[PDB]
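Chemist:
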Amino acid sequence: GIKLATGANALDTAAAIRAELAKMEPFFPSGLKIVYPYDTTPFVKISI
Amino acid sequence: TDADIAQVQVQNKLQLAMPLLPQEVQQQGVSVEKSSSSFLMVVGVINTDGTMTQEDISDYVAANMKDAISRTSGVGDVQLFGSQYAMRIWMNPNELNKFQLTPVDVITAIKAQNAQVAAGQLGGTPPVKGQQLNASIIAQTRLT
Amino acid sequence: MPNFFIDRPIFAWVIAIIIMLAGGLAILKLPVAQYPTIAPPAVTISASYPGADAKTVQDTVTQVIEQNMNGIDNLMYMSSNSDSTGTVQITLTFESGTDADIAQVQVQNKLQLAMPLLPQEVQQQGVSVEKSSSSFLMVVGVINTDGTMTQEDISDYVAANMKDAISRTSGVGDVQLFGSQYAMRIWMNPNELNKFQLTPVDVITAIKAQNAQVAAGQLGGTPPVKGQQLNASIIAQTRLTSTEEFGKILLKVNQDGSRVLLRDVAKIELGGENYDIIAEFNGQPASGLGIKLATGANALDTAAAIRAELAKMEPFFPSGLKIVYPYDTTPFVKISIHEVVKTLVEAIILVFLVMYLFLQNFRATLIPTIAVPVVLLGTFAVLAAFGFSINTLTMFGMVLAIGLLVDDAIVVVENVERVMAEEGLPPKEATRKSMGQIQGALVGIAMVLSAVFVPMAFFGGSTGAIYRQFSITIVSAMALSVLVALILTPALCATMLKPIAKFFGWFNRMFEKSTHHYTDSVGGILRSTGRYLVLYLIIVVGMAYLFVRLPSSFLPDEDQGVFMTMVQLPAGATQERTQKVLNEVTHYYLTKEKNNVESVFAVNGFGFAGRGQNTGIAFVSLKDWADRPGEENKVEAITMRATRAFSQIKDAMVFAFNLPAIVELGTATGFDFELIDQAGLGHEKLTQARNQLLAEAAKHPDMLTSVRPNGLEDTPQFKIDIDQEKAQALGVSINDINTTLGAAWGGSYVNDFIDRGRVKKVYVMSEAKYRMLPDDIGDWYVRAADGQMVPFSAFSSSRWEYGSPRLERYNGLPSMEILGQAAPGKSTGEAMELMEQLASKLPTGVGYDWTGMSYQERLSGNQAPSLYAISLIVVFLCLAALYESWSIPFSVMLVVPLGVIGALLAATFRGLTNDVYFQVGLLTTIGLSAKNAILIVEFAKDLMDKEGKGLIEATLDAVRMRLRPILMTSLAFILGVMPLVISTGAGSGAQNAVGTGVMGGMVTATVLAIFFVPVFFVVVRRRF
Amino acid sequence: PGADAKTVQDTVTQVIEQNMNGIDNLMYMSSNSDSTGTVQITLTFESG
Amino acid sequence: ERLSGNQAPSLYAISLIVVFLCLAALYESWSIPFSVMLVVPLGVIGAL
Ligand SMILES: CCCCCCCCCCCC
Ligand SMILES: CCCCCCCCCCCC
Ligand SMILES: CCCCCCCCCCCC
Ligand SMILES: CCCCCCCCCCCC
Ligand SMILES: CCCCCCCCCCCC
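Below is the structure:
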């Protein structure tokens, strides 16, 4: 449950999270994929 | 108002109260986060094979990918929807009764025989005249 | 706006006076350092757990802290070390521009709440969070030679009488201390612990509660009774001062009434806190300090105040102490500033000489003498307005921009003298016409160059702070020169210059016949211009060929006056053997360099491979530069001769080295490559993964060289396992066993006490001779449950097994920091790629990560052509805006490869590298050649349409009238740095890096690029 | 709490006041320690 | 208080310099502000 720090921008924070997850992804065990439920980030980008 | 100056002042007024809190609160560790109120996003880690239960996935997320997401610049607080592993010891009251024990001797034995002991060096400083050896004494390690 | 100032000279003088008065007011108020803040801010958590090893610290203190360093703003990475002396060292590196106070307070508040999780001994020793600033400003050592005291007496005289007062002065910060202060040490003795039937647990419990306070209230305490007259405070039992009081504690009284004391089972001997570091100065013991310059005080008067405060303490010394300075890099700063100031002043003298040589009038040869220093004063005012300081970088920014400084007076005065000499006008109307000819051209120069430098201000990393100094100093100086060039110089050419019209006349005849021969040759080579175009193609291909074959680097290596010598002994060597090797090094430097080396300060257990006992360092400080003349006496020769002479020591790795700036060495070659372990593989399997990664980099010598692991290998350790059934059947508690073993063989730190006003510590530990062999564990007896003494090895064993003397972690995962450097010939863009293609065939779980100096080379490390790509088109648009045409900028911007040939030829011939002074000098040379090419074609453009001339005729007419300025201002500049080039003294590494580029590039850009721009302009006006 | 206004000055006041050099502005710094038990330092910075 | 005793002549000097320069800048003469920067004592004797 990733919250957000006070005053941070919500689009280049989520980009940093998705950049961290692509760094620790080739070291998962056999058969463990990461999936993406609830997310309020792409609505801002699609509206702009 | 400034956010991090506000966190510094709240932390200043909290650390004056830390010696008055109980020991069981301090060992869990209090925390001061400048989070917003709620969730920007949640991630999800399913198993497609069917080799891991809830606890295995929760321990993998707690150990190998929580402490790096929680240091990412712009993240106020990370909630975990699981639990890290812990060497859990489920006691039996009838067997503690049969062998005439309490749950106090159990905690005493776990504090005594699961220690990480500092034990010095056997070529330590100050040496005598003509010392030719230096190594460390390894007393006992934490159990694994 | 010069016509407003022709009629109004006094207003021009007034704004010249306010800019020259705001410059000199800001030279009294700005710092003078050696280098600015150049590294990203990094804070350091340092803690100690006495008696442990790397493993015990690495999973009770290290992993416990760095699980709680979360939620810190602007954090790049975090690397930690845990070594066998007990020390844990965590370095958090932040983004550039992050406020260091906010970063330190966030780290220290996240550490203040992770404090009850740590062990008790770590909380007693304390955890120190402090910011990792620059290295030492100066080292103040102190010796005693008239007599004999130990190291600890000197270190306590410093810790009680100097550090209190040296830190209370103008502009100091962190003050370290090489020695160790007092502590009431207690040396236990296990045979009297045996015969009186005692344990060290009884000793520590007996002298916890002897020196403590009593909250005792007061007589007449409140609430008083009705009629109370007396009020006074109860002063109850207090601490213990002398050593007899620490010897008179009762331990145990027996049945016969025996008195057991600390002076029966121990000896006291007040002594030292830490016994690992032993400083040394030439053969007598010593102590030292660690003074850091804080933020914004100049180092010159700071070091003068330090020397003044040490100068008023010699009446207060205990008859034999002597202060001595084994490391001082303050007079090198004074040399490196004085030489730059002398170069500026002699450049002004040389332009005075050249202006009088070409013009032959005293009255008009001092317009640059008035108008050039006022721009430098205004440049200092702008540097203080930004908040920057007197670095070495801004000083060598104004010493190579002085051509751009001095052109904007030579052009104006030559043009008004040309108008008075040809058409014959009074100076006022002649200055009006002259500054109307070059009106828009100087504004076009201000727009066209301001865009050559200012992309240099917007790079990133630790080298975007080196370039920013040059790229705001030169921009401010030039953009103030263009303001003062159309305001102050027109007023001075309208007022000072004489209206009088008209035998050393050989130079005039030589110059006019050279001018006519030049115009004849240029008019000859404007017909059939194909050969000069293909010669330009050969020029640009030769430029690319010599630009590829040239070694890139950073800031040059130079003589700071001192150098280090590093000593490391193999794998578990004691303190005495390292002292013998350090004394061999001292006896070498003080006999074979009698006339070069002044003082060697030898520190033991300090070396840069980590803390320990088999290591040592030596600060060697030489004589003055005037006392050691020659080439064979500089540091570059002494270092290699000592390194050649240190190969005969049979078992010691000893080598000497110099100091680059602080840290970003490898001149552009190093790696900082972390091998990280992103699973639960461990330490031995990670060692196998590193040992597989090494000797695959050894398979490629053409790309990789010197891949050293940067980490200590496994050493034997003494495992003693407590057998549980024998310990508990005999009735011996495990806690008393562990607090006997880890308090007889390490420190224990009972509590504090008060000595001579100050507050010192009390440590208990066994003697120096009862804890030195594996056969000494059998001399330690422990009380059982009944009271029978049980020995060690009645319930234990003993094994030797391999452990680890240093454990490294990177971002919370275990890692090993493999260092390397690229081969000669190949850059570090095709070496880091081979590392990433070579670290991908490792076993499953081991990953890689770049750190340090290469970290910001991954984050957009190819944005150097991406900013000059948008500089070049802004230059093109400004030049297409000026001449009211397209493809005329193509006629003026093909002089960029002309000033690069000479700089690359001089750098190849003299044997220099592609350091930052070469790049800034190249980048000024191309801008000044562009300035000359702009002015010749602005005359040729506004001569063939305002008058009506042809194409060839107007071109050689324009290059006729624009030959007297160009070699006038090259001759005053490829002559105002000649000395800098032939300079060999103190600090001639940066001076030769500045001098060689801006000599050869300037000579080539004025010899060749006065013959190509008529050809370029004619070829453009043929094919549009 | 166990004070006599000289233990406090020599053990918990001179330490802190000794370790307050490196702060930027400062101006002046007045400290006091009494026999009640308490102690306070007052660091008066520059105006602005 | 003593700080205001140490920055008053510097204040008077810098104000007289800036007013002399702002008048020489605007009347295009160095002799007209010289006939104005000595009518100042006729006002200062009044204030005193
Ligand atoms: C350095 C101060 C020089 C003072 C101004 C010189 C005199 C101005 C000449 C104006 C002629 C009308
Ligand atoms: C340590 C002070 C350095 C100041 C350098 C001033 C250089 C001024 C050059 C222009 C006047 C000749
Ligand atoms: C740096 C200024 C030195 C003083 C030069 C002023 C010269 C003014 C001459 C006025 C015309 C004769
Ligand atoms: C005879 C070869 C030289 C051709 C003329 C060169 C003219 C450029 C130099 C002018 C100054 C001597
Ligand atoms: C820097 C590249 C810009 C290319 C623009 C060239 C346009 C030339 C047009 C010629 C028409 C006369």
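Chains as they are written, first to last, in UniProt numbering: chain B, 290 to 337; chain U, 98 to 241; chain X, 1 to 502, 512 to 1033; chain F, 50 to 97; chain H, 866 to 913.
Ideal Cβ placement from N, Cα and C applies to all residues, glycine included.
Which of helix, strand or coil does DSSP assign to U:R239?
Modeler: Within the second sequence, the letter at position 142 stands for residue 239 of chain U. Of the three classes helix, strand and coil, the one that applies to U:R239 here is coil, per DSSP.
Chemist: Determine the chain B residues that contact residue 1091 of chain X at a beta-carbon separation under 7 Å, and present them in chain order.
Modeler: Nothing about residue 1091 of chain X can be read from this structure; chain X reaches only from 1 to 1033.
Chemist: How many whole angstroms separate the CB atoms of X:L92 and X:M115, which I take to be in contact at a CB cut-off of 8 Å?
Modeler: Numbered from 1 along the third sequence, position 92 holds the residue referred to as residue 92 of chain X. Numbered from 1 along the third sequence, position 115 holds the residue referred to as residue 115 of chain X. Actually they do not touch by this definition, with Cβ atoms about 17 Å apart.
Chemist: I'd like to know if the segment 893 to 901 of chain X and the segment 942 to 949 of chain X are in contact, where contact means that at least 3 CB-CB pairs between them fall below 8 Å.
Modeler: yes
Chemist: Name the chain U residues that come within less than 9 Å of B:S319, Cβ to Cβ?
Modeler: As a working note, residue 319 of chain B is residue 30 in the first sequence. Neighbours of B:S319 on chain U, chain order: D146 and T148.
Chemist: Between X:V374 and X:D153, what straight-line distance do the alpha-carbon atoms span, to the nearest angstrom?
Modeler: Counting from 1 along the third sequence, the entry for residue 374 of chain X is found at position 374. Counting from 1 along the third sequence, the entry for residue 153 of chain X is found at position 153. So the two alpha carbons sit approximately 57 Å from each other.
Chemist: Please compile the residues from chain B whose C-beta is within a distance smaller than 9 Å of the C-beta of U:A165.
Modeler: Residue 165 of chain U sits at position 68 when you count from the first residue of the second sequence. The answer, in chain order, is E309, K312 and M313.
Chemist: Could you tell me which of X:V929, X:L980 and X:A777 sits nearest to X:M456, measuring between CA atoms?
Modeler: For the purposes of this step, residue 456 of chain X is taken as the residue at position 456 of the third sequence. Nearest C-alpha to X:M456: X:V929.
Chemist: Going along the chain, which residues of the segment 1 to 28 of chain X sit with their C-beta nearer than 7 Å to a C-beta in chain H?
Modeler: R8, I10, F11, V14, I17 and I18
Chemist: Quick check on the DSSP output: what are the complete alpha helix (DSSP H) runs of length 4 or more inside the segment 151 to 210 of chain X, in order along the chain?
Modeler: Taken in chain order, the complete alpha helix (DSSP H) segments of 4 or more residues contained in the segment 151 to 210 of chain X are 151 to 161, 163 to 166, 190 to 195 and 200 to 206.
Chemist: Quick check: what's the CA-CA separation for X:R518 versus X:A477?
Modeler: Position 509 of the third sequence, counted from the start, is the residue given in the question as residue 518 of chain X. Position 477 of the third sequence, counted from the start, is the residue given in the question as residue 477 of chain X. In a straight line, the C-alpha of X:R518 is about 37 Å away from that of X:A477.
Chemist: Secondary structure at X:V946, three-state DSSP: helix, strand or coil?
Modeler: Residue numbering aside, residue 946 of chain X sits at position 937 when the third sequence is read from its first letter. Looking at X:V946 - three-state DSSP - the assignment turns out to be helix.
Chemist: Roughly how many whole angstroms lie between the Cα atoms of X:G957 and X:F516?
Modeler: As a working mapping, residue 957 of chain X is identified with position 948 in the third sequence. As a working mapping, residue 516 of chain X is identified with position 507 in the third sequence. Whole-angstrom Cα-Cα distance: 34 Å.
Chemist: Expressed to the nearest angstrom, what Euclidean distance is found between the alpha-carbon atoms of X:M774 and X:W754?
Modeler: Taking the third sequence and counting its residues from 1, the one referred to as residue 774 of chain X is at position 765. Taking the third sequence and counting its residues from 1, the one referred to as residue 754 of chain X is at position 745. The alpha-carbon of X:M774 is positioned some 6 Å away from that of X:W754.
Chemist: How would you label X:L960, buried or exposed, when you count the other beta carbons within 10 angstroms and need 16 or more for buried?
Modeler: As a first step, residue 960 of chain X must be located in the third sequence, where it is residue number 951. Result: exposed.
Chemist: My guess is that X:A232 and F:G51 are in contact by the Cβ rule of under 8 Å, so how many angstroms apart are they, rounded?
Modeler: Against the third sequence, residue 232 of chain X aligns to sequence position 232. Against the fourth sequence, residue 51 of chain F aligns to sequence position 2. That pair is no contact at about 16 Å.
Chemist: Consider the Cβ of B:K292: report whether some Cβ of chain U lies at a distance smaller than 8 Å.
Modeler: Residue numbering aside, residue 292 of chain B sits at position 3 when the first sequence is read from its first letter. Judged by the 8 Å Cβ criterion, B:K292 is in contact with chain U.
Chemist: Within 10 Å of its beta-carbon, does X:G985 have 16 or more other beta-carbons around it, so buried, or fewer, so exposed?
Modeler: Locating residue 985 of chain X in the third sequence gives position 976, counting from the first residue. Buried, since its Cβ has 16 or more Cβ neighbours within 10 Å.
Chemist: Contact between the segment 735 to 749 of chain X and the segment 195 to 206 of chain X is defined here as three or more beta-carbon pairs at a separation below 8 Å; is this criterion met?
Modeler: Taking a cut-off of 8 Å for Cβ pairs, the segment 735 to 749 of chain X and the segment 195 to 206 of chain X touch, as three or more such pairs fall below it.
Chemist: Between which residues of its own chain and X:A39 is the CB-CB distance below 6 Å, once the five residues before and five after are set aside?
Modeler: Your numbering for residue 39 of chain X matches position 39 in the third sequence. Hits under 6 Å: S462.
Chemist: Please name the residue, chosen from X:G283, X:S287 and X:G221, that lies closest to X:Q176 on a Cα-to-Cα basis.
Modeler: Within the third sequence, residue 176 of chain X is the residue found at index 176, counting from 1. Minimum Cα distance to X:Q176 is reached at X:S287.
Chemist: Is H:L886 close to chain X, meaning its C-beta is less than 8 Å from at least one C-beta of that chain?
Modeler: Within the fifth sequence, residue 886 of chain H is the residue found at index 21, counting from 1. Against chain X, the CB of H:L886 has a partner CB under 8 Å away; the residue lies at that interface.
Chemist: Measuring alpha carbon to alpha carbon, tell me which of F:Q63, F:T85 and F:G97 ends up nearest F:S79.
Modeler: What you label residue 79 of chain F is simply residue 30 of the fourth sequence in a count that begins at 1. Here the closest residue by C-alpha is F:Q63.
Chemist: Can you pull every residue whose C-beta falls closer than 6 Å to some heavy atom of ligand 3, listed in chain order?
Modeler: X:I370, X:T495 and X:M496
Chemist: Does X:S997 pass the burial test, meaning 16 or more other C-beta atoms within 10 Å, or should it be called exposed?
Modeler: In the third sequence, the residue the question calls residue 997 of chain X occupies position 988. With 16 or more other Cβ atoms within 10 Å, it is buried.
Chemist: Spatial neighbours of U:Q218 within its chain, please: CB distance less than 6 Å, with the 5 preceding and 5 following residues excluded, ordered by chain position.
Modeler: Working through the second sequence from its first residue, we reach residue 218 of chain U at position 121. Closer than 6 Å at Cβ, skipping near neighbours: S233.
Chemist: Does any CB atom of chain F fall closer than 8 Å to the CB of X:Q213?
Modeler: Locating residue 213 of chain X in the third sequence gives position 213, where the first residue counts as 1. Yes, X:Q213 counts as interfacial toward chain F.
Chemist: Taking 8 Å as the cut-off, decide whether the C-beta atoms of X:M573 and X:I626 are in contact.
Modeler: As a working note, residue 573 of chain X is residue 564 in the third sequence. As a working note, residue 626 of chain X is residue 617 in the third sequence. Contact: yes.
Chemist: Would you tell me roughly how many angstroms separate the C-alpha atoms of U:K110 and X:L118, rounded to the nearest one?
Modeler: Residue 110 of chain U sits at position 13 when you count from the first residue of the second sequence. Residue 118 of chain X sits at position 118 when you count from the first residue of the third sequence. Cα-Cα distance, rounded: 22 Å.
Chemist: Does DSSP classify X:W859 as helix, strand or coil?
Modeler: Position 850 of the third sequence holds residue 859 of chain X. DSSP places X:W859 in strand when its eight states are reduced to three.
Chemist: Counting only beta-carbon atoms, is B:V324 nearer than 8 Å to chain U?
Modeler: Counting from one through the first sequence, the residue named residue 324 of chain B turns up at place 35. Yes, B:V324 counts as interfacial toward chain U.
Chemist: Tell me the rounded alpha-carbon separation between X:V475 and X:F459.
Modeler: As a working note, residue 475 of chain X is residue 475 in the third sequence. As a working note, residue 459 of chain X is residue 459 in the third sequence. Each residue's Cα considered, the two are about 16 Å apart.
Chemist: Pull the bridge partners of X:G957 from the DSSP assignment, please.
Modeler: For the purposes of this step, residue 957 of chain X is taken as the residue at position 948 of the third sequence. Beta-bridge pairing links X:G957 to no other residue.
Chemist: Grouping DSSP H, G and I as helix and E and B as strand, with all else coil, what is X:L92?
Modeler: Translated into positions along the third sequence, residue 92 of chain X becomes position 92. Three-state DSSP puts X:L92 in a strand.
Chemist: Starting from X:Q726, trace the beta strand (DSSP E) both ways and give me its first and last residue.
Modeler: For the purposes of this step, residue 726 of chain X is identified with residue 717 of the third sequence, where counting begins at 1. X:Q726 -> beta strand (DSSP E) spans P725 to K728.
Chemist: Can you determine whether any heavy atom of ligand 5 sits closer than 7 Å to the C-beta of X:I882, and answer yes or no?
Modeler: For the purposes of this step, residue 882 of chain X is taken as the residue at position 873 of the third sequence. Checking the Cβ of X:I882 against ligand 5 gives yes.
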